Structures are given as structure tokens and as C-alpha cells.
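Engineer: Before I ask anything, here is the structure I am working with.
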Amino acid sequence: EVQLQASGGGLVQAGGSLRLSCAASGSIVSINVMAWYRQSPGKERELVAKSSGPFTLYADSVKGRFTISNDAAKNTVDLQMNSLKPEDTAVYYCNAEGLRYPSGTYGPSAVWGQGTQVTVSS
Amino acid sequence: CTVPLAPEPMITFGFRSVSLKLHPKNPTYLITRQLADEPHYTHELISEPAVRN
Amino acid sequence: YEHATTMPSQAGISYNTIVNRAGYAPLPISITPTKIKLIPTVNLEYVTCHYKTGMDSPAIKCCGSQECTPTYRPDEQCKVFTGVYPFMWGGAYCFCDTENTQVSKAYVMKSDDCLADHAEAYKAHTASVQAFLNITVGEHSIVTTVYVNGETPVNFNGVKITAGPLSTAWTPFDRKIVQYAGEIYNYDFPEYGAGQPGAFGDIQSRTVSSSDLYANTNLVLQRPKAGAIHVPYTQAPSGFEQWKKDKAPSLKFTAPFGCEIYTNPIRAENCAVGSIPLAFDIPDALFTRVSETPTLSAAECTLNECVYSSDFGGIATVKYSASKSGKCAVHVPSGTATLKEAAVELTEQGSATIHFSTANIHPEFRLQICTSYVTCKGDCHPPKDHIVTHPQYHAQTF
Amino acid sequence: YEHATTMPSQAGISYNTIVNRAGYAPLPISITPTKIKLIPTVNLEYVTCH
């Protein structure tokens, strides 16, 4: 079975710059989509970053500060995260969609990792 | 003097019967007897994992 | 134009045929399967490996008492005993005579060698069949991989070939499979959460790096010997090692039909069972008029040599008289004899030599030459070698 | 102790059972299926766009 492993995060002061990494393991050869989602306390799930091959997409509250890079050969995504504000604290999850198993017994479509906690202090 | 201790044998119960699973680290003597007039004593050497009813 | 054909599933041996339009020259087709693989629907369930008895330092308290703190590690066992009189290199650790307490807590953890040595469990069903074909239709030779299910055609030069599903859904694998070191065995391992000591599956892990494992090693703590700080533990030997010493023979040598197994992904191939049907859809632009191909007159057979062996062992000299020099296909409509070549080059007034295979003591077969028919007949001699190193090229008629 | 029961597939309704041994007091059991998922086993073929 395929899984996503999330690494990074920690406690930092505002204005810092971190990197968040999510890696895919299992029986996979190519990945159509890999994306990032954030979940703050007391609220619902929202999207942050959206990477698939060369194209990229950003939300309204994340433009100009966070950059997403994807490596299909390693099946990893690296979210270079900069210009911290107090509202950015949350638990971040990495999602993969449109998995093309290498025949590769067809199985579940989407996956969800445990995620990593990011906390920022004023 | 020192003497080795065998692992605790696995007991499972059934109607008028007991199944013993044994996994010896070394060859060992298993001896069994019946508490009635006729003992039917059984003495056996076991050196491989086994199940005995 | 729709045409139907059948193929006994077997690699190596080629196949020759001609599609005969009532008013145009026959169009030849040649087929050669290279590899016929059969991949199952296999879903991973768990993994196992050698375990290591995790043992902390003993917790000694001297003239007092202690408590058990559960670390909640898998298959953890904790115990406290009294009346211990420990020793050290520099004399006595304590001065008390009794009331001393020592606590032991033991567990199991995955060995460092899990990455390179570990047995995988697998649930198999729903075999899907794939093939590599080398096909030439109207001197258009191609080598291609094709999905031989009931859909997914492959098109080239307008010709659309569809290989239908197999007539038999037999598979060499059983429902539960065990993989290790590139060898495959059909074994009935116990399912997740039901492992037993002294047998396979005592230690249970969802994945290689799950970091959450279930375990029944039946670990039992024992009273340490007096005058020594240590912790004796007893447990059944490794069921993985017991299975390693048992190791019934491999499926690679036990499977019926002689099916060979390779696992880059799990797959089986090159073993003959059943037949694959082929459906041709030919566009109407590939058909050539008769006058543009050679036509013959007064053609006759002669059988020069006969050996009805496994290999081609019948040589036939055909004497003809042609209006033109040009290649044409030669076909035997029946299964009485199978030819070697797909086409033969043809002179104006020469003679042709044809190699074929038959299993008939007294063959009498009608060959189809470029546009006409001839009836070859004769008797044949047995072979000399009792065993050969290749399969049969022909069928066994009743 | 072996026991068998049936629960009609539906969410939002609690379901009650009792295990009745001869020599012990009956044991009640209450089960609520919060969410039942129907996960197809699915594959990808191709993608399209403008």
C-alpha cells in the first residue's frame, strides 16, 4: 500500500523561513497531483499549495510568500515557507491524487499522511 | 548446580483432552502418566517444535 | 473487414495464415508471440522480520518498594520482585539483607535488518493477461505490447487487431501468497491480529516503516539468580526461523504447466494453457487485384523426404509454370501439415522447395499456392532420436 | 465467549444486544455505526482538457 510521510515544522519566531517535505512510498511509478492542506484549530480544512508537474497554483492568503516544488522522480514535494505571520499556525497535511499504480494492483485513489505541526510565536 | 529451564508449553483445552504445543531450545524429555491403576507411562525425547494431543 | 482466428497460447512457434477474398489475391498474416505474462491483482497486507528482545537496565531500589510504569510498548511485560542481594565489581551494591526490590520491564522491537531481510504477505486474485506480439500483415512487420482483454485494440496502417479474453481463468497462485528474497510460495499465514507464538506471524507490522507493531512472542520474565544484577527472560524461538528451516519447495518448481515466476513485480509467463482468439479489422485499401500478382498453371507435388518428427521433417518439391515472377503465400487449409515459411519467392519456370511438419504415416494434404490448389500425397518414415530439446510444431489429429 | 448478532446497515441509530450466559448476569452491549464507507477499488486511465 502507498503512504505519505511528512517531515518538518517546529516552533519559531515570526518572520522566519522553514521547509516542509512530504515523501511518497509504496508501489507507485508516477503521480498526477500532489498538494498541501492546512487545518487550524476550531476551523475546517483549507488548501494552501497545489503542484502538479510544471504548473502551480496558490490561494489568496498565501501569494508571494510560500513556494512549492515537486520532484516526480523522487515523488516528493518541498514547500519553501517564508514571511511568517501569527495566523499561519496550523497542522499541515500533504495529499496525493490521481495515482497511477505500475500495474501495480489498482487500489485506493487518494492518500492522506499524518501531517506536521507548525507553530509561530510573535 | 545450575540446570536450564524450558519455555512454558502452550496448553489448549477441549472435551476430555489437552493439546500441548512445545517449542524446545534443546532436546528435552517429556514424561506423562495416568493417575489410575494402569499408568500407561510415556517417556519421549523431543528436539523439534511439535504439537501433541 | 472482420476476420476471426484462434491461437493455442504458446510462445516461440510462429503462425501463418492467408485471408482469401473471393475475387482478390490472398493477403498473408504471420504471428509470433514472444512473452505471454499473467499478472495478478495483488494487494499488500503486512510484513514481518526478525525481532529483538528489548531490555532496559534493571530498576533496583534498596530497602524500599517500586511500581510498574507501562511504556505501552508492544507485548510489554513488567514485574517486580523482592529479596534481592545484588553484587558489583567493587563489592556489594547494597548493605541491606532483605526488603530490596528490583523491577524488570521487557518488550520486543524490530531488528535492524528489517530493510534487507523481511517476508511479505500478499492477497492474490483476478489475473490479467498481457502479451508481446510480433505480427506482420501485408509485409507490415511490427513488434508491440497489447492488452489481450476484450477491448483495447492496437492499430497500425489502418489494420485493427483485438485479442479477446482467455477461454480459461486458471491461475497458478493461491489466494494467499508469501514473498521473500525473490522466491514465491503458496502458504496459509495467519491474518493480522491473530498471530501465535512459535509460528509464522508472531510479530506483525502494517508496513516496513509503520512504527506500530502487534506481537505475541509470549515473553515471560524469570527470577534472576542470586548475587547478580541481570534479567532472565524466556520466549519461544523465532517462528520465522522455523519456517526458514521448513521451507517446502518453491512454486517456481512446483507449479503445474511449467509456469516460470519472476518478481520485479509479481508475474508469471511462458507457459501454455488454453487459447487466445484474434479479431482482425482490415481496411479495404490493403487488398490487391489478382492480375497484379503471379498466377500459375499445371502445378504438381512431389514428396522428396519424410520424417514425421517434432521438428519440420517433410520436404516437398513443387513444379510449376508461372505467368509472372513474384512472391506469393502458400497455405495448408487443414491441420494435417504445418508449413515452415510464410511466403516463397517464385520464378517463371522454376521449382520450389517447401519444408513442413506432419504426424501422419501416409499424408495426403491439399496445399494452396498463389491462386490455385495442389494435392500432395505420399508415405513417411519414423525419426531416429528418441528425445529432442524443443516442443511440437504441429497438432495431433485423431 | 462466542456470540453472534445482526445489525441492519444504517447510521445514526443505536443498536442494543444482550449476552445471556446461564451462570452469569446478562451483559448489555450498545453499538452505534457512526460512518460506513463504500470504497471502490479504482484505477486511472488518462486525462483530458481544452
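Naming works like this for the C-alpha cells: A, B, ... for the chains as they're shown, residue 1 at the start of each chain, ligands 1 onward in shown order.
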When DSSP works through the backbone of this structure, what residues of range 68-258 of chain C end up as strand (DSSP E), shown as JSON, numbers by chain?

Structural biologist: {"C": [77, 78, 79, 80, 81, 82, 87, 88, 91, 92, 101, 102, 103, 104, 105, 106, 107, 108, 109, 110, 119, 120, 121, 122, 123, 124, 125, 126, 127, 128, 129, 130, 131, 132, 133, 134, 135, 136, 137, 141, 142, 143, 144, 145, 146, 147, 154, 155, 156, 159, 160, 161, 162, 163, 176, 177, 178, 179, 180, 183, 184, 185, 186, 203, 204, 205, 213, 214, 215, 220, 221, 233, 234]}

Engineer: Counting only C-alpha atoms, which residues from chain C have an atom at most 12 Å from any atom of chain D, and could you show them as a list in words?

Structural biologist: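 Contact residues on the first chain: residues 41, 43 and 152 of chain C.
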
Engineer: Residues of chain B were defined as contacting chain C if any atom lay at most 9 Å from it, counting only C-alpha atoms; please report them as a PyMOL selection string.

Structural biologist: chain B and resi 5-8+10+21-25+49

Engineer: Pull out every residue of chain A that has at least one atom within 8 Å of chain C, counting only C-alpha atoms, and report them as a VMD selection string.

Structural biologist: chain A and resid 1 104 to 107

Engineer: For those residues, write N, CA, C and O atoms to a file as a PDB file, in the first residue's frame.

Structural biologist:
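File again.pdb, as written:
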```pdb
ATOM      1  N   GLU A   1       0.831  -1.198   0.000  1.00  0.00           N
ATOM      2  CA  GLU A   1       0.000   0.000   0.000  1.00  0.00           C
ATOM      3  C   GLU A   1       0.870   1.254   0.000  1.00  0.00           C
ATOM      4  O   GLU A   1       2.011   1.231   0.462  1.00  0.00           O
ATOM      5  N   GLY A 104       1.123  -3.262 -10.550  1.00  0.00           N
ATOM      6  CA  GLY A 104       0.502  -2.190  -9.786  1.00  0.00           C
ATOM      7  C   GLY A 104      -0.992  -2.350  -9.623  1.00  0.00           C
ATOM      8  O   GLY A 104      -1.777  -1.612 -10.222  1.00  0.00           O
ATOM      9  N   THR A 105      -1.369  -3.347  -8.827  1.00  0.00           N
ATOM     10  CA  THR A 105      -2.759  -3.630  -8.498  1.00  0.00           C
ATOM     11  C   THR A 105      -3.512  -2.363  -8.130  1.00  0.00           C
ATOM     12  O   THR A 105      -3.202  -1.710  -7.130  1.00  0.00           O
ATOM     13  N   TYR A 106      -4.517  -2.033  -8.937  1.00  0.00           N
ATOM     14  CA  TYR A 106      -5.313  -0.840  -8.699  1.00  0.00           C
ATOM     15  C   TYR A 106      -5.966  -0.902  -7.323  1.00  0.00           C
ATOM     16  O   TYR A 106      -6.429  -1.958  -6.882  1.00  0.00           O
ATOM     17  N   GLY A 107      -5.962   0.234  -6.630  1.00  0.00           N
ATOM     18  CA  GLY A 107      -6.370   0.301  -5.247  1.00  0.00           C
ATOM     19  C   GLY A 107      -7.027   1.631  -4.923  1.00  0.00           C
ATOM     20  O   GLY A 107      -7.696   2.225  -5.775  1.00  0.00           O
TER      21      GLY A 107
END
```

Engineer: If we count only C-alpha atoms, what is near residue 138 in chain C at a cut-off of 7 Å, once residues fewer than 2 positions away on the same chain are taken out, given as a CSV table (one decimal) with N, CA and C atoms, in the first residue's frame?

Structural biologist:
```
chain,number,residue,atom,x,y,z
C,27,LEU,N,-4.3,-12.4,-48.8
C,27,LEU,CA,-3.4,-11.5,-48.0
C,27,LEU,C,-2.8,-12.3,-46.9
C,28,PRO,N,-1.5,-12.4,-46.8
C,28,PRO,CA,-0.9,-13.2,-45.7
C,28,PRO,C,-0.8,-12.5,-44.4
C,29,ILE,N,-0.8,-13.2,-43.3
C,29,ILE,CA,-0.6,-12.8,-42.0
C,29,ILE,C,0.3,-13.8,-41.3
C,136,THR,N,3.0,-9.5,-38.6
C,136,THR,CA,3.2,-9.0,-40.0
C,136,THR,C,2.0,-9.3,-40.8
C,140,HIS,N,3.9,-5.8,-43.4
C,140,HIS,CA,3.9,-4.7,-42.4
C,140,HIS,C,4.3,-5.3,-41.0
```

Engineer: Find the spatial neighbours of residue 15 in chain A, counting only C-alpha atoms, within a cut-off of 10 Å - ignore same-chain residues fewer than 2 positions away - and output them as a PyMOL selection string.

Structural biologist: chain A and resi 12-13+17+82-86+120-122

Engineer: Near residue 18 in chain D, counting only C-alpha atoms, which residues have an atom at most 6 Å away, once you skip same-chain residues fewer than 4 positions from it, shown as a PyMOL selection string?

Structural biologist: chain D and resi 27-29

Engineer: Those residues with N, CA, C and O atoms, as a PDB file, in the first residue's frame please?

Structural biologist:
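part-v6.pdb, freshly written:
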```pdb
ATOM      1  N   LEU D  27     -25.025  -9.417  30.022  1.00  0.00           N
ATOM      2  CA  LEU D  27     -24.165  -8.277  29.719  1.00  0.00           C
ATOM      3  C   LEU D  27     -24.778  -7.462  28.587  1.00  0.00           C
ATOM      4  O   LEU D  27     -24.915  -7.996  27.476  1.00  0.00           O
ATOM      5  N   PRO D  28     -25.176  -6.205  28.789  1.00  0.00           N
ATOM      6  CA  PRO D  28     -25.668  -5.405  27.662  1.00  0.00           C
ATOM      7  C   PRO D  28     -24.539  -4.834  26.819  1.00  0.00           C
ATOM      8  O   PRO D  28     -23.438  -4.565  27.303  1.00  0.00           O
ATOM      9  N   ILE D  29     -24.838  -4.647  25.534  1.00  0.00           N
ATOM     10  CA  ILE D  29     -23.908  -4.068  24.570  1.00  0.00           C
ATOM     11  C   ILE D  29     -24.682  -3.076  23.711  1.00  0.00           C
ATOM     12  O   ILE D  29     -25.793  -3.377  23.259  1.00  0.00           O
TER      13      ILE D  29
END
```

Engineer: May I ask you to extract the residues of chain A within 12 Å of chain D, using only C-alpha atoms, and to give them as a list in words?

Structural biologist: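 Taken together, these residues fit the definition: residues 30, 31, 32, 33, 97, 98, 99, 100, 101, 102, 103, 104, 105, 106, 107, 108, 109 and 110 of chain A.
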
Engineer: Those same residues - N, CA and C atoms - I'd like them written as an mmCIF file, in the first residue's frame.

Structural biologist:
```
data_model
loop_
_atom_site.group_PDB
_atom_site.id
_atom_site.type_symbol
_atom_site.label_atom_id
_atom_site.label_comp_id
_atom_site.auth_asym_id
_atom_site.auth_seq_id
_atom_site.Cartn_x
_atom_site.Cartn_y
_atom_site.Cartn_z
ATOM 1 N N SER A 30 4.306 6.933 -11.103
ATOM 2 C CA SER A 30 4.051 8.320 -11.464
ATOM 3 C C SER A 30 2.880 8.842 -10.647
ATOM 4 N N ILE A 31 2.886 10.151 -10.399
ATOM 5 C CA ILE A 31 1.885 10.811 -9.570
ATOM 6 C C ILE A 31 1.339 12.008 -10.336
ATOM 7 N N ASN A 32 0.013 12.078 -10.455
ATOM 8 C CA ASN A 32 -0.618 13.143 -11.227
ATOM 9 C C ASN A 32 -0.630 14.439 -10.418
ATOM 10 N N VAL A 33 -0.956 14.357 -9.128
ATOM 11 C CA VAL A 33 -1.176 15.533 -8.292
ATOM 12 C C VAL A 33 -0.491 15.330 -6.948
ATOM 13 N N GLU A 97 -3.148 12.720 -5.388
ATOM 14 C CA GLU A 97 -4.341 12.327 -6.123
ATOM 15 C C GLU A 97 -3.957 11.893 -7.531
ATOM 16 N N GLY A 98 -4.829 11.092 -8.135
ATOM 17 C CA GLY A 98 -4.579 10.584 -9.474
ATOM 18 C C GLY A 98 -3.403 9.636 -9.550
ATOM 19 N N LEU A 99 -3.268 8.747 -8.570
ATOM 20 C CA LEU A 99 -2.135 7.833 -8.530
ATOM 21 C C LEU A 99 -2.225 6.820 -9.665
ATOM 22 N N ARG A 100 -1.116 6.645 -10.384
ATOM 23 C CA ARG A 100 -1.009 5.672 -11.472
ATOM 24 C C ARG A 100 -0.123 4.535 -10.974
ATOM 25 N N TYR A 101 -0.755 3.483 -10.471
ATOM 26 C CA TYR A 101 -0.003 2.346 -9.965
ATOM 27 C C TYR A 101 0.686 1.636 -11.130
ATOM 28 N N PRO A 102 1.873 1.013 -10.919
ATOM 29 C CA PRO A 102 2.618 0.485 -12.074
ATOM 30 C C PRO A 102 2.142 -0.892 -12.520
ATOM 31 N N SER A 103 0.828 -1.092 -12.557
ATOM 32 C CA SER A 103 0.216 -2.417 -12.668
ATOM 33 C C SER A 103 0.994 -3.470 -11.867
ATOM 34 N N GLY A 104 1.123 -3.262 -10.550
ATOM 35 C CA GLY A 104 0.502 -2.190 -9.786
ATOM 36 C C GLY A 104 -0.992 -2.350 -9.623
ATOM 37 N N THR A 105 -1.369 -3.347 -8.827
ATOM 38 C CA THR A 105 -2.759 -3.630 -8.498
ATOM 39 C C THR A 105 -3.512 -2.363 -8.130
ATOM 40 N N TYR A 106 -4.517 -2.033 -8.937
ATOM 41 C CA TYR A 106 -5.313 -0.840 -8.699
ATOM 42 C C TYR A 106 -5.966 -0.902 -7.323
ATOM 43 N N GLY A 107 -5.962 0.234 -6.630
ATOM 44 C CA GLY A 107 -6.370 0.301 -5.247
ATOM 45 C C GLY A 107 -7.027 1.631 -4.923
ATOM 46 N N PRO A 108 -6.868 2.128 -3.693
ATOM 47 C CA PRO A 108 -7.466 3.426 -3.359
ATOM 48 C C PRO A 108 -6.843 4.553 -4.165
ATOM 49 N N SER A 109 -7.658 5.570 -4.446
ATOM 50 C CA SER A 109 -7.228 6.687 -5.280
ATOM 51 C C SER A 109 -6.360 7.673 -4.503
ATOM 52 N N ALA A 110 -6.921 8.296 -3.473
ATOM 53 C CA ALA A 110 -6.234 9.328 -2.711
ATOM 54 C C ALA A 110 -5.671 8.767 -1.411
#
```

Engineer: Between CA of residue 21 in chain C and CA of residue 300 in chain C, measure the distance and give it in Å to one decimal.

Structural biologist: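 So the two atoms, CA of residue 21 in chain C and CA of residue 300 in chain C, lie 24.0 Å apart.
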
Engineer: Give me the residues near residue 351 in chain C as a PDB file with N, CA, C and O atoms, in the first residue's frame, where near means some atom within 12 Å (using only C-alpha atoms) and where sequence neighbours in that chain fewer than 6 positions away do not count.

Structural biologist:
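Contents of out-v1.pdb, as written:
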```pdb
ATOM      1  N   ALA C 299       0.585 -27.056 -61.912  1.00  0.00           N
ATOM      2  CA  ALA C 299       1.472 -27.225 -60.771  1.00  0.00           C
ATOM      3  C   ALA C 299       1.284 -28.610 -60.165  1.00  0.00           C
ATOM      4  O   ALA C 299       0.164 -29.124 -60.090  1.00  0.00           O
ATOM      5  N   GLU C 300       2.394 -29.216 -59.732  1.00  0.00           N
ATOM      6  CA  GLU C 300       2.378 -30.586 -59.231  1.00  0.00           C
ATOM      7  C   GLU C 300       3.294 -30.740 -58.023  1.00  0.00           C
ATOM      8  O   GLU C 300       4.336 -30.084 -57.918  1.00  0.00           O
ATOM      9  N   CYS C 301       2.887 -31.640 -57.122  1.00  0.00           N
ATOM     10  CA  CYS C 301       3.639 -32.000 -55.925  1.00  0.00           C
ATOM     11  C   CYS C 301       4.593 -33.159 -56.186  1.00  0.00           C
ATOM     12  O   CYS C 301       4.374 -33.984 -57.077  1.00  0.00           O
ATOM     13  N   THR C 302       5.647 -33.219 -55.373  1.00  0.00           N
ATOM     14  CA  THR C 302       6.408 -34.439 -55.146  1.00  0.00           C
ATOM     15  C   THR C 302       6.964 -34.378 -53.730  1.00  0.00           C
ATOM     16  O   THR C 302       7.423 -33.323 -53.288  1.00  0.00           O
ATOM     17  N   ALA C 316       9.088 -31.005 -49.714  1.00  0.00           N
ATOM     18  CA  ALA C 316       8.250 -31.154 -50.895  1.00  0.00           C
ATOM     19  C   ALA C 316       8.783 -30.281 -52.018  1.00  0.00           C
ATOM     20  O   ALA C 316       9.042 -29.090 -51.823  1.00  0.00           O
ATOM     21  N   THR C 317       8.942 -30.885 -53.192  1.00  0.00           N
ATOM     22  CA  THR C 317       9.321 -30.181 -54.409  1.00  0.00           C
ATOM     23  C   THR C 317       8.063 -29.957 -55.236  1.00  0.00           C
ATOM     24  O   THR C 317       7.401 -30.919 -55.640  1.00  0.00           O
ATOM     25  N   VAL C 318       7.736 -28.692 -55.478  1.00  0.00           N
ATOM     26  CA  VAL C 318       6.571 -28.299 -56.259  1.00  0.00           C
ATOM     27  C   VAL C 318       7.073 -27.748 -57.585  1.00  0.00           C
ATOM     28  O   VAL C 318       7.871 -26.799 -57.608  1.00  0.00           O
ATOM     29  N   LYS C 319       6.613 -28.342 -58.683  1.00  0.00           N
ATOM     30  CA  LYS C 319       6.980 -27.905 -60.025  1.00  0.00           C
ATOM     31  C   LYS C 319       5.799 -27.164 -60.633  1.00  0.00           C
ATOM     32  O   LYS C 319       4.686 -27.697 -60.674  1.00  0.00           O
ATOM     33  N   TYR C 320       6.049 -25.946 -61.113  1.00  0.00           N
ATOM     34  CA  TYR C 320       5.006 -25.030 -61.553  1.00  0.00           C
ATOM     35  C   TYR C 320       5.375 -24.424 -62.901  1.00  0.00           C
ATOM     36  O   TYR C 320       6.460 -24.655 -63.442  1.00  0.00           O
ATOM     37  N   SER C 321       4.445 -23.634 -63.439  1.00  0.00           N
ATOM     38  CA  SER C 321       4.667 -22.844 -64.649  1.00  0.00           C
ATOM     39  C   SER C 321       3.923 -21.528 -64.473  1.00  0.00           C
ATOM     40  O   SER C 321       2.688 -21.507 -64.494  1.00  0.00           O
ATOM     41  N   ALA C 322       4.668 -20.440 -64.295  1.00  0.00           N
ATOM     42  CA  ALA C 322       4.116 -19.166 -63.858  1.00  0.00           C
ATOM     43  C   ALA C 322       4.055 -18.153 -64.992  1.00  0.00           C
ATOM     44  O   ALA C 322       4.941 -18.102 -65.851  1.00  0.00           O
ATOM     45  N   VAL C 344       7.015 -17.594 -50.215  1.00  0.00           N
ATOM     46  CA  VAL C 344       8.021 -18.224 -51.061  1.00  0.00           C
ATOM     47  C   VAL C 344       8.192 -17.386 -52.319  1.00  0.00           C
ATOM     48  O   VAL C 344       7.209 -17.017 -52.971  1.00  0.00           O
ATOM     49  N   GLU C 345       9.443 -17.077 -52.658  1.00  0.00           N
ATOM     50  CA  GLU C 345       9.730 -16.360 -53.893  1.00  0.00           C
ATOM     51  C   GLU C 345       9.609 -17.322 -55.064  1.00  0.00           C
ATOM     52  O   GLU C 345       9.919 -18.511 -54.939  1.00  0.00           O
TER      53      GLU C 345
END
```

Engineer: One number please: CA of residue 3 in chain A to CA of residue 80 in chain A, in Å, one decimal.

Structural biologist: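 Computing the Euclidean distance for CA of residue 3 in chain A and CA of residue 80 in chain A yields 21.9 Å.
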
Engineer: Quick one: residues within 12 Å of residue 4 in chain D, only C-alpha atoms counted, chain neighbours fewer than 4 positions away excluded, as a list in words?

Structural biologist: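 Residues near the query, excluding close chain neighbours: residues 17, 18, 19 and 20 of chain D.
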